[PDB]
Amino acid sequence: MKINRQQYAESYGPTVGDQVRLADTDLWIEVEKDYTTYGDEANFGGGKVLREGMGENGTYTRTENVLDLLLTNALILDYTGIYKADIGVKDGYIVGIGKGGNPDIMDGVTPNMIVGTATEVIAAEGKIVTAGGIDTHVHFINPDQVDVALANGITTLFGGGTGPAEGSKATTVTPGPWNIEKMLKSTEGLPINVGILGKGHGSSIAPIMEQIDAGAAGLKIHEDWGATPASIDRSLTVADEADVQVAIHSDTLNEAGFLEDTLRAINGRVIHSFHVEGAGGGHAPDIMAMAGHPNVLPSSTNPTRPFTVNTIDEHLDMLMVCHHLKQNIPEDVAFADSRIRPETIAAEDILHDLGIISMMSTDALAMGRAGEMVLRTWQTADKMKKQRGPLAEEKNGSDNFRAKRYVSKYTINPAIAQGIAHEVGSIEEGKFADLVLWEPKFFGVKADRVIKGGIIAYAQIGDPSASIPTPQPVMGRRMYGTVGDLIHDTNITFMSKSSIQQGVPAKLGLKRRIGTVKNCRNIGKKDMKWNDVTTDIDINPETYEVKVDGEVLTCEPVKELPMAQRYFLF
Amino acid sequence: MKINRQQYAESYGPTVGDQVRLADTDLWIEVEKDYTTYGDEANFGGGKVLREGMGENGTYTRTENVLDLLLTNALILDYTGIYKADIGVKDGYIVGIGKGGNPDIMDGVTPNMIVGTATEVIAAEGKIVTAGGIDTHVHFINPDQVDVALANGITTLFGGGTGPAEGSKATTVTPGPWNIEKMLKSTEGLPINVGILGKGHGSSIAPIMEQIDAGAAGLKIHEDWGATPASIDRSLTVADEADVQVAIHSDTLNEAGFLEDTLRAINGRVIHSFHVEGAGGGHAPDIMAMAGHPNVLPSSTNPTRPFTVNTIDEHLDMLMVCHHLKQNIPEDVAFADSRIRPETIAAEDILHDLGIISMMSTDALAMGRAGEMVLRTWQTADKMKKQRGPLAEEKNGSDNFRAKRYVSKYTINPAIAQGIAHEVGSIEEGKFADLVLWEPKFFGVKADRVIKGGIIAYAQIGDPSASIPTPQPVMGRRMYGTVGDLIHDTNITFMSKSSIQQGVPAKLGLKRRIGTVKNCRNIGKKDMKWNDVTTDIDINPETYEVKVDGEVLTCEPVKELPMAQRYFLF
Amino acid sequence: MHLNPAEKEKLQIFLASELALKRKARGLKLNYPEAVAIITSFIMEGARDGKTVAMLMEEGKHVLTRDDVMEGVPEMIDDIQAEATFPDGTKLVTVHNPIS
Amino acid sequence: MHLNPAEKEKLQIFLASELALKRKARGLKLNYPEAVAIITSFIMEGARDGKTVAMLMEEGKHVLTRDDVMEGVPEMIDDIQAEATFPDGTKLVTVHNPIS
Amino acid sequence: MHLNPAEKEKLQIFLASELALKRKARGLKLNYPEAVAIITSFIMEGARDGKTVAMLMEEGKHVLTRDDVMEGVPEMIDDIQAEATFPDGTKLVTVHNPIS
Amino acid sequence: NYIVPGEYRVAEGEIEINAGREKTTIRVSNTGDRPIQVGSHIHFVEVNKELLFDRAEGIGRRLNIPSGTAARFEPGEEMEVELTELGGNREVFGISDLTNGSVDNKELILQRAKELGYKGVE
Ligand code: NI
Ligand code: NI
Ligand code: NI
Ligand code: NI
Ligand SMILES: [O-]
Ligand SMILES: [O-]
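Protein chains in written order, with the authors' numbering: chain C, 1 to 570; chain C', 1 to 570; chain A, 1 to 100; chain A', 1 to 100; chain A'', 1 to 100; chain B, 5 to 126. A prime marks a further copy of an entry chain.
Laid out in structure tokens, this is it:
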């Protein structure tokens, strides 16, 4: 007996060779391989396969190769591939990707993916499943920002702040031991993974290092605290000892040096260059040249992504009003004009497409949108396909190469940069079960269900008073993973090795899972998945023209984007 | 001096012989007896009786027969009677039902109901007070469902789920040790009493039993996991060892057997038969015959309650769309037609009235409404009075017999079935102070105040910024019993004896009151208060006609209900 | 008023529907949430009017047509569900393929 | 806008009142929460207009009559209370037996 | 509908704007939150209409004038900011000194 | 180029289920008065007693239908179904407790089926 492919895909999700459109973009992903055995697909419900003695094993105890949770028939989109598989979770971790069921009666069952008495089921047929997004440029300003992030599929926030204090409104910084301790305690109530950055500023080591020992997961160098040669140097000396990452927002004003002076202070050491295009901050006008260097892990923030007809007007005005700049003071106008540049914003689109900028991030509530990292990644990829064509490496008419390049920018690459990719950032065996289910029609726009540590934390779901969960109004809501003490087991506080060795969690009474930051100092650009290109980037000081390999990088702004007015009520 | 009865009732609530209409129904309850001493009624306020040296004793310390809380002048509606009394609470428990005040100067004071320095007062004059509702068919799908339940006077949720996972969306199951542990932790943040059901599926004992040892309070057998003879048998063997209840949703499809096969697997052992009418699930078409057997504790779920002109159209469509059934596939239509039956739904109304179905429940968010168990119980009683007349056992023109039969279905009977009636389910001395105050005009529709463990947890109350609490908008709101650590002392997590003996609460860090499930295996239908009828129920396989004692049970659907459009904004 | 949680939530649907109807009145093709809101509010107001579940299943298919909404919106909406208080209590309405 | 908690809440009353007024305009007898919402919103809009507490106590008794509401609703509503910002600050209005 | 947190919040702005417009229609000079709500809702509806950020920066200065608002309100409002979904995605509009 | 958000473009061809396994066609009768629906993955010998068929031919087998579908038998209905072979270890536990082990133990399965009144054992 044979099933036609349309029917097959409707019942079990797509299989090898089938393509799926991402939202209302022009981007198509193709199933590369499928772990199933045709006829023994897992599924759950009345008269379905996962029943006792059938696709559910009735013999084995939980310890004996049985899962806590099976996601059936997932279309995985990950740096590691675009493919169809069942996903098995146990003890809050991904333990198996393959084929789940009952070896009693089914062929091809992955040996540790038994569905048993202990196993919960999530149907992922017809869904796209990705890793949770890893946002590494978060300002902790307003706690309402967490749900905003979850609703667009973000599961880890790295950054800093103490709420709407001016220091935090400008910089991703939680300064000093006491503010760090306070925010680690606050974190116990935030239903998302968190790592906190200390202030990467000082001329003596001890004031900086004591932040790491207090529980910071990294540092931020920001011009508003003095992004001087000394602060850069001491922060990187600290980071090299402590095995944490340093992020930089360089000296826009070129007050103590130009870009080459910042690079000399860095002295070949690893650093994460935030908003590398520079509208979000950095040496005017040439900061984006950072993205060509082998020791730089370069990210974009999201409001320049991608380049649209309203971008420049929006950013020039935003910069002026937020810095209290006056339209009639020529120095203020000159500064704004040196910082907000169509030439570098246009080139940033193309640098993403070429794999020269490795990461996305938000800059939430400081100059970026907490809930639009994933959204704008895919709008960028879509614009690049329309303007540049399929990448040369594509085949079968699919956009798989571009899709793996772009999904990397907000999943695995930030995780690698931060020293946390042993725990999060991809759908791989042995990593924490932070998973996002997407209906393809809403892909990258609104997440269906966000799984944190193997339990649903956030879902688009309807009327709680109804006979069933789908009646209106369907909206984003916190689920049981966020409630009571379960918030502790479903989320990770990432901390320095030294703070963990010194017993900071016990001292503060932290009950969350504790994640160790490590392996951040002997990586480089070459470690960025699908985005590993080093090159000489030239930015013309007179025209702001960007050249790579002797060629000017320019593109036009677009008047319309997908993943926009079809979806949003405002 | 004498007071006319109208005036008396306005000031102190009704007394012996007085009747009260339940909401906008035709049902009248009559005060059977009154514990007061006329002239020494307790009341609180300016120049009122509960003042120091007067109705408040100024001598005794809390330990010396003094209450923590007195509910004055309550009209109790309970399986034990419909009567007027003061209710005294201490250490979160009901310690006295009688007459509160000061033995210094008042006659007839119940000796442990002294109002002293330590005593809070709730005025219940003109209110009806019931036990909190006990819902034993809860799917834990969306945490917003808790307030929905509280707003309609429910105080205990028994069921299962991990949030909006497909397993949980279909079945009241929290599967395996790990999911159970996670949901026990989640429960620490839910302001309601909870007990969790494990998966009642397996062919070996150990995979099932380990759920009980992990902290489950019972099991659910559901056809979607394979309601086979083996799963039934092993679950009941477990239950008989562990002293917990088993709920069943039987094999609708009759795949491995017909009803008689399920009963043979049960083999005379105690079981709770969910949605026994069968629209909610079970052997087609005759599952409702379960309700005649002495070892079956039968409940209804709420969307069939009671039978109305929109019921069938609503249920047929709901079943089709939720099971992805197609209107043009004859097997799908045949299945729907075999499951949604006016003949059995009509008969279910009458079986409730006759005391043959003992319990109500919701089936919250799976095929039932979290906030309508109490509501629909009284709509059913009202419809039955209109169609069948006063029951023969009534007198004085009151509906007291029917009211005690119906209040039992969602208070004491579920509690008995689950093995928790030592703690909850009725207004009796020695039980936990879960109490619901109702304005008669809103009785069974919207609770005024819900007391949990002797502290108000939920209330219909107004503008928090106002000079007084009654200005608009008056809406359901969580009160101080839900806040901070008080949520631990005002609510009970019900758990198996074995999990408690093995120290599961300490292992997981549970701070809630821990309740023991017990005495579930040597009860039967005869133990269901006011609803203890056993009989041979015949369901005609060709016509779906229901007969009891040789008589067809049929009634008409109604076009309108009370407790509906007069009350609700949507 | 004694609003319960659902009553509070469902005010939002009415509000979104009003917003959407304003947008339609000034000539905009409606988007996905706008369309859902209009049809949902229509169902709940119909229940309040005392229509049957069967009437609303029919009518809900003729509230908006293709030419009222953006490209792709008809195919995004497979069905719209709402619960409301009919004269005979709460019932569920499902409108299948509301926009052809 | 700098909305405080009460301002946020009281937007709901206006919204419910608008909903209720729509229902009344298409010929429905109003229910208990509808009636309360209409009268409450009337009070708060009157305060905003600069009426006195005494004026609103009088007027609030003539906003809806028996024949505007369902059987029993008049006797369900003993009084309606609202606080609003008058020209001389927040004051409480109680309208006693608003529907005779 | 799949409302996200911002969509839920921003319904409130529309609602406050409707309330304010009612008050203006019966002849009241508007207060500080009323004025902010009207101008904010105008911006978000303009984005939905497909106007540019530059158009809305201009237009937002002519939605209300001095004689529409109470004494001091013009000088209380230095600028009004809103984010909305334009045809090219979310953008920020700032209207400087909206009421001269 | 009308855009249906999230649409599929499936490849050409058909998916053959249970490829390479032996198939068997048998006649089955619902001798009962209530409908019986049988899922794709129940060990066929262990279905409802009142289904009459050659029980031996259900041992080690299940319905050759798409995973998650079912065959329906109205009261009194007789029809042919196609079976495929169980895979994996070819063991069955639980269900109706007829096997609890290898499906190769045909004599023991049938003896249990007969003692318990499963129709169609010689
Ligand atoms: Ni910056
Ligand atoms: Ni920043
Ligand atoms: Ni069920
Ligand atoms: Ni259920
Ligand atoms: O930034
Ligand atoms: O159910």
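All C-beta atoms in this analysis are idealised placements derived from N, C-alpha and C, irrespective of residue type, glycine included.
DSSP places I21 of chain B outside both helix and strand once states are collapsed to three, so it counts as coil. Annotated as proximal: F335 of chain C' and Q41 of chain B, with beta-carbon spacing under 8 Å.
Residues of the segment 11–26 of chain A' whose Cβ lies closer than 7 Å to any Cβ of chain A, in chain order: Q12, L15, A16, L19, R23. Taking the Cα of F140 of chain C as reference, the smallest distance to any Cα among C:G292, C:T156, C:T377, C:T516 is reached at C:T156.
Around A370 of chain C, the same chain offers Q145, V148, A149, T362, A364 as residues with beta carbons nearer than 6 Å, after the five sequence neighbours per side are excluded.
Taking a 10 Å sphere around the C-beta of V546 of chain C', we find 16 or more other C-beta atoms and assign the residue as buried. No Cβ of chain C is located within less than 8 Å of the beta carbon of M76 of chain A''. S273 of chain C: member of the beta strand (DSSP E) spanning 271–273, first to last residue. Of the residues A':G50, A':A25, A':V69, the one whose Cα lies closest to the Cα of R566 of chain C' is A':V69. With a threshold of 8 Å between beta carbons, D108 of chain B makes no contact with chain C'.
Listed in chain order, the non-local C-beta contacts of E52 of chain C' below 7 Å within the same chain comprise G58, local neighbours out to five positions each way being set aside. Contact of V95 of chain A with chain C by beta-carbon distance below 9 Å is absent, the smallest such distance being about 11 Å. In terms of Cβ geometry, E188 of chain C' and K511 of chain C' form a close pair [threshold 8 Å]. Contact annotation: in the segment 121–144 of chain C', residues whose CB is within less than 8 Å of a CB in chain C are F140, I141, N142, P143, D144. The beta-carbon separation of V276 of chain C and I287 of chain C, rounded to 6 Å, stays under the 8 Å limit for a contact. For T80 of chain C', the secondary structure class from DSSP, reduced to helix, strand or coil, is coil.
When Cβ pairs closer than 8 Å are counted between the two stretches, the segment 547–559 of chain C is seen not to touch the segment 455–463 of chain C, the count staying below three. With a threshold of 8 Å between beta carbons, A37 of chain A'' makes contact with chain A'.
Closer than 7 Å to some heavy atom of ligand 3: that does not describe the Cβ of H283 of chain C'. Taking the beta carbon of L3 of chain A as reference, the chain C' residues within 8 Å of it are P473, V474, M475, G476, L569, listed in sequence order. A check of alpha carbon separations from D67 of chain A across A:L11, A:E7, A:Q12, A:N31 identifies A:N31 as the nearest.
For the segment 8–20 of chain B, the set of positions with a beta-carbon nearer than 7 Å to some beta-carbon of chain A reads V8, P9 in chain order. Residue-level contact check: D49 of chain A touches chain A', since one or more beta carbons of chain A' fall below 8 Å from its beta carbon.
Listed by position along chain C', the residues whose Cβ is nearer than 9 Å to that of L92 of chain A' are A466, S467, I468, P471. Taking the Cβ atoms as the reference, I196 of chain C lies roughly 19 Å from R234 of chain C, outside the contact range of under 8 Å. By the rule that beta-carbons nearer than 8 Å mark a contact, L90 of chain B touches chain C. For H488 of chain C', the secondary structure class from DSSP, reduced to helix, strand or coil, is helix. Comparing alpha carbon positions, the residue from C:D68, C:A118, C:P505, C:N254 closest to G96 of chain C is C:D68. The beta carbon of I537 of chain C' lies closer than 7 Å to those of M288, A289, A291, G292, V546, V548 in the same chain, with the five residues before and after it left out. The beta carbon of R264 of chain C sits no closer than 8 Å to any beta carbon of chain C'.
For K441 of chain C', the residues of chain A' that pass the 9 Å Cβ criterion are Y32, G72, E75, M76, in the order they occur in the chain. Cα atoms of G108 of chain C and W28 of chain C: separation of roughly 29 Å, rounded to the nearest angstrom.
Under the three-state reduction of DSSP output, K90 of chain C falls in the strand class.
Think of a sphere of 8 Å around the beta carbon of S11 of chain C: the chain B residues whose beta carbon falls inside it are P70, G72, in chain order.
For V63 of chain A, no CB of chain C' lies under 8 Å from its own CB, so it is not counted at the interface with that chain. Taking a 10 Å sphere around the C-beta of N43 of chain C, we find 16 or more other C-beta atoms and assign the residue as buried.
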